[PDB]
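In the deposited numbering, the protein residues as written are 34 to 455.
Some notes on the structure that comes next.
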Amino acid sequence: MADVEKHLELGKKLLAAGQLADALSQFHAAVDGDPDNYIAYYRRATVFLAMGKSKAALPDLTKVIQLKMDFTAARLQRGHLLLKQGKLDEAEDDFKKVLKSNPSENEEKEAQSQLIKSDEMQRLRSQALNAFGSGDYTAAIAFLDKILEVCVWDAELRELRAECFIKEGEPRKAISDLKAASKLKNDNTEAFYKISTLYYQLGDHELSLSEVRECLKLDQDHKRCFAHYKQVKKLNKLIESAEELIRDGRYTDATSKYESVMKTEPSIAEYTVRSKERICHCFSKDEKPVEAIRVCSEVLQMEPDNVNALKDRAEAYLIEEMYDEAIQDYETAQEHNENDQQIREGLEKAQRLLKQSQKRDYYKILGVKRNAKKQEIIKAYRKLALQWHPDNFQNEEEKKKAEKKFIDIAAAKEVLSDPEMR
Numbered sequence: 034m035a036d037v038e039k040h041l042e043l044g045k046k047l048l049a050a051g052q053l054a055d056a057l058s059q060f061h062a063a064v065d066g067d068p069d070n071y072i073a074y075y076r077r078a079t080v081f082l083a084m085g086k087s088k089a090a091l092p093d094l095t096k097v098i099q100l101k102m103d104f105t106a107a108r109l110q111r112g113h114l115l116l117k118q119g120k121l122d123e124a125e126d127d128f129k130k131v132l133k134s135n136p137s138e139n140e141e142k143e144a145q146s147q148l149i150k151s152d153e154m155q156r157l158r159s160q161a162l163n164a165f166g167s168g169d170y171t172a173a174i175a176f177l178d179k180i181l182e183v184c185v186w187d188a189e190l191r192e193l194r195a196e197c198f199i200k201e202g203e204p205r206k207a208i209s210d211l212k213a214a215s216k217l218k219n220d221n222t223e224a225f226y227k228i229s230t231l232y233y234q235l236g237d238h239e240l241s242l243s244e245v246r247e248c249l250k251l252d253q254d255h256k257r258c259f260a261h262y263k264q265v266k267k268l269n270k271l272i273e274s275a276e277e278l279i280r281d282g283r284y285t286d287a288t289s290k291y292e293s294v295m296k297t298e299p300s301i302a303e304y305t306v307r308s309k310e311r312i313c314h315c316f317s318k319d320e321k322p323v324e325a326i327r328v329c330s331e332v333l334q335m336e337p338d339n340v341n342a343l344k345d346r347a348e349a350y351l352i353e354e355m356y357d358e359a360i361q362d363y364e365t366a367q368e369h370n371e372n373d374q375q376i377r378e379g380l381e382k383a384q385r386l387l388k389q390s391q392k393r394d395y396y397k398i399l400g401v402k403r404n405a406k407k408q409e410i411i412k413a414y415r416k417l418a419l420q421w422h423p424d425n426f427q428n429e430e431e432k433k434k435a436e437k438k439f440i441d442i443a444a445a446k447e448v449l450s451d452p453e454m455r
């Protein structure tokens, strides 16, 4: 009908304008209106492909083919797709029938180049699995890395490689594949669960949560997903809230939410380690030096390179006027993060005070200002020197201590006469 014509035409304009989502809407309308119009099926597949929707394109393309078996450009299209999906054998059968069908000169060049690739894919697949079967994981990765340049939408193999990075002790390198695999399979809940937990495991709670919400959108009654859901949702509030508080500068509150974070997930180290960094942060930003040093130091026993923990402990040491240990920290921090304005401003501001503290102040032996007025000093000296005379002290060890204060008071008067003021 005219409708199916309008759907296709608006479909066309939209696609051309890059408007994939609504183009798809319209071809959907076009397919429903005339369920036997190969053009509708073809134009939809064309969008699906444009959108990365690998699974959805295939049944539409083979429909186009079922209806119009002479239409070889759709057979070549389905050829390409299946080769992306890593359904090699079938990708070969189409690429070959394309060649047996008076192809275009550009259709011959494609159908051929592809079979050439496909041949290597079959060898690389077999090497990949074989490597994997014997436990040669780094071997398997190298093969698979190559297959997946070409088979970019082989979910199964992506999964295998993720499993490789994992056995290798490199879990984070498996986020891409596992995320990809769930995207392609589209309505497989297990794929969302796997990616949701791998995220959780890495302390990626925000994603993990959103990613399991997907599982449950697919299956409301999925037991395992829901269990995990309760879990990360709980741990998400606690962490989100913890940080809300840290920005309000409610540090002891923040610290309490973090103790809850750790109590809610004890098994995974990252949730314990990262909580401690944040607690270390709370204490330091709260001017609680001994507590900062105690917690921050423990964080560094676990992660000696923790730039954030070093900055917070540095800050603690500054409070304690521990200028050496502050620089040592700001420095060992500067090693791991090369140019940080905060680190550098810390190292200079620590050094300035390390210098100024070694610089003896005769006024610091009593003077009201860097300029105590007139005979205020003479009043201070006579009393102090008379107070602090080793004669005063019967205790031998106590005396020797007065003496240093006496030499100090005396050396003060000596330098506070006439020109020696500067």
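In this text, a Cβ means the ideal position worked out from N, Cα and C, and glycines have one as well.
If we call anything under 8 Å between Cβ atoms a contact, is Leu116 one with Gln147? Yes; because the gap between Cβ atoms is below 8 Å, this pair is in contact.
If I follow the unbroken alpha helix (DSSP H) through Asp319, where does it start and stop? First-last for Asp319: undefined, no H or E at that position.
Quick check on this structure: which residue in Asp357, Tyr356 and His369 has the alpha carbon closest to the alpha carbon of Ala342? Nearest neighbour of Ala342 by Cα position, chosen from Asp357, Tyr356 and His369, turns out to be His369.
Are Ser317 and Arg283 touching if we call contact CB-CB under 8 Å? No, these two residues do not count as a Cβ contact at 8 Å.
Start and end of the alpha helix (DSSP H) containing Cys184? Unbroken run through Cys184: none, as it is neither H nor E.
According to DSSP, is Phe439 helix, strand or coil? In the structure shown, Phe439 sits in a helix (DSSP, three-state: H, G or I).
Taking all protein chains shown into account, decide if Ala260 is buried (16 or more other Cβ within 10 angstroms of its Cβ) or exposed. With fewer than 16 other Cβ atoms within 10 Å, it is exposed.
Can you round the beta-carbon distance between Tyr71 and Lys101 to whole angstroms, since I take them to be within the 8 Å contact cut? Indeed, because the Cβ distance is near 5 Å, the residues count as touching under 8 Å.
State the DSSP-derived secondary structure class of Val401, mapped to helix, strand or coil. Under the three-state reduction of DSSP, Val401 is assigned to coil, being neither helix nor strand.
What's the call for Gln118, buried or exposed, on a 16-neighbour Cβ count within 10 Å? In the assembly as shown, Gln118 is a buried residue. Its beta-carbon has 16 or more other beta-carbons within 10 Å.
Quick check: the Cα distance between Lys96 and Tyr74, rounded to an integer number of angstroms? Distance between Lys96 and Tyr74, taken at the CA atoms: about 7 Å.
6 Å CB neighbourhood of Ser241 in its chain, flanking five on each side removed: Around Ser241: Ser229, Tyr232, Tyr233 and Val265.
Measuring straight from C-alpha to C-alpha, what distance separates residue 459 and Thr365? With the chain covering only 34 through 455, there is no way to say anything about residue 459.
If you draw a straight line from the alpha carbon of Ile376 to that of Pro322, how long is it in whole angstroms? Linking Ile376 to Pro322 through their CA atoms gives a straight-line distance of about 19 Å.
Inter-residue Cα distance where the pair is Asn339 and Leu333: Each residue's Cα considered, the two are about 6 Å apart.
Is the beta carbon of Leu190 sitting closer than 8 Å to the one on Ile180? Their beta carbons are under 8 Å apart, which means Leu190 touches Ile180 by this criterion.
Among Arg246, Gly112 and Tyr396, which one has its Cα closest to the Cα of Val183? Checking every option, the nearest Cα to that of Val183 belongs to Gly112.
Note down the Cα distance separating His238 from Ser274, rounded to an integer number of angstroms. Distance between the alpha carbons of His238 and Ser274: 13 Å.
Reduced DSSP secondary structure (H/G/I, E/B, other) of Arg311: Look at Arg311 here: in three-state DSSP terms it is helix.
Helix, strand or coil for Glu364? Go by DSSP, reduced to three states. Reduced to three states, the DSSP call for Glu364 is helix.
Of the residues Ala173, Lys88, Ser137 and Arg205, the one placed nearest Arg156, counting alpha carbons only: Checked all of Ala173, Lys88, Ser137 and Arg205; the closest Cα to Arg156 is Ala173.
For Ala224, three-class secondary structure by DSSP: In the structure shown, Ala224 sits in a helix (DSSP, three-state: H, G or I).
In three-state terms, what does DSSP make of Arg283? Here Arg283 sits in coil by DSSP.
Would you mind sorting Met154 into buried or exposed? The rule is 16 or more other CB atoms within 10 Å of its CB. When all chains shown are included, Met154 counts as buried.
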